[PDB]
Amino acid sequence: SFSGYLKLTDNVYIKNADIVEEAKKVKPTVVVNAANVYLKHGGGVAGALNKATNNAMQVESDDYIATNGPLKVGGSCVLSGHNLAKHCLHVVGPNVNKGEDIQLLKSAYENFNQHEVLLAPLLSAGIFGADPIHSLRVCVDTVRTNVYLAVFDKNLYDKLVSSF
Ligand SMILES: O=C(O)[C@@H](Nc1ncnc2[nH]ccc12)c1ccc2c(c1)OCCO2
C-alpha cells in the first residue's frame, strides 16, 4: 500500500514525507517511533506521532514505564499504533546531544528485523544529533526486512538521495 517511494536497495525505500500523514494514509502494520528510554514523546517524530493520537500514545507509554521501567539505548518495545498503525515499535537510538554512544545505532536498527514490513524515520537523525547520511548507511547495512523511510525535510531528502 506504500506509494511514491524511491528504491535504494532490495529492501530499503525512501520518500520525502511527513511520517504522521504517511501513517494515516497507509495505516501500516508497524510505524516506528524515534523514542527516548522514558517514552516521553516531547518533540520531533515522537511528539508528532503522540499529538496525532490525541495523547493516547503518551498515556499508554506512561503505564508501560510504570510497570517495566525504562528501555535501554538501542532497545525497543511494541505498543499500540492507535489511529496510525496496528502497532508502534518504539526504538531508542543514541542521542548525540546527550553524549550517548553512536555505536549503539546499529543495535537500534536490529530491532526492525523482528518485523516483516515497517514505516519508519531515520534513527538518531534530527534533534538526536547524528549525521543522517551515516544513519541511512547503518540502516541499509543492518535492516533485512522491508523498510519504508519517511524523511520530512525536503532539502535533507535530496541530499540523502544524491549522496547514496
Ligand atoms: O527530516 C527529517 O526526518 C529529520 N530532520 C533532520 N535530520 C537531520 N538534519 C536535519 N537538518 C534539517 C532537518 C534535519 C528528522 C527530524 C526529526 C526527527 C528525526 C529525523 O528522527 C529522530 C527524531 O526526530
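In this chain, residues are counted from 1 in sequence order.
- Residues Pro28 and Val117 fail the side-chain proximity criterion, which asks for heavy atoms closer than 4.5 Å.
- Looking only at side-chain heavy atoms (C-beta outward), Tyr64 and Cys77 come within less than 4.5 Å of each other.
- Contact detail for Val91 and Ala108: the closest heavy-atom pair is CG1-O, 3.3 Å.
- Remark: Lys86 engages no residue in a side-chain hydrogen bond (donor to acceptor under 3.5 Å, both in side chains) (not counting sequence neighbours).
- Under the 3.5 Å distance criterion, with hydrogens and angles disregarded, a donor-acceptor pair is assigned to the side chains of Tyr13 and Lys7.
- Nearest heavy atom pair, residue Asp18 against residue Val20, reads OD1-N, 2.9 Å.
- Pairs engaging residues 66-113 under the ring pair (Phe, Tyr, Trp, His ring centres under 6.0 Å) rule: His41-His90, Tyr109-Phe112 [sequence neighbours left out].
- Of all heavy-atom pairs between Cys88 and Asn33, the closest is SG-CB, 3.6 Å.
- Across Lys24, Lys27, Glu22, a single residue satisfies side chain to side chain contact (heavy atoms under 4.5 Å, CB included) together with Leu84, and that is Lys24.
- The two residues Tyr38 and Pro70 make their nearest non-hydrogen contact at CD2-CB, 4.2 Å.
- Nearest heavy-atom pair, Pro121 versus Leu149, reported as atom, atom and distance to 0.1 Å: O-CD2, 4.0 Å.
- Residues passing the ring pair (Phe, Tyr, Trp, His ring centres under 6.0 Å) test with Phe164, sequence neighbours excluded: none.
- Residue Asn54 qualifies as open at atom CG: its count of foreign heavy atoms under 6.0 Å is 12 or below.
- Classification of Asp62 and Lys40 as a salt-bridged pair holds, one side-chain N sitting under 4.0 Å from a carboxylate O.
- Within a 6.0 Å radius of OH in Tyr157, more than 12 heavy atoms belonging to other residues, nucleotides or ligands are found.
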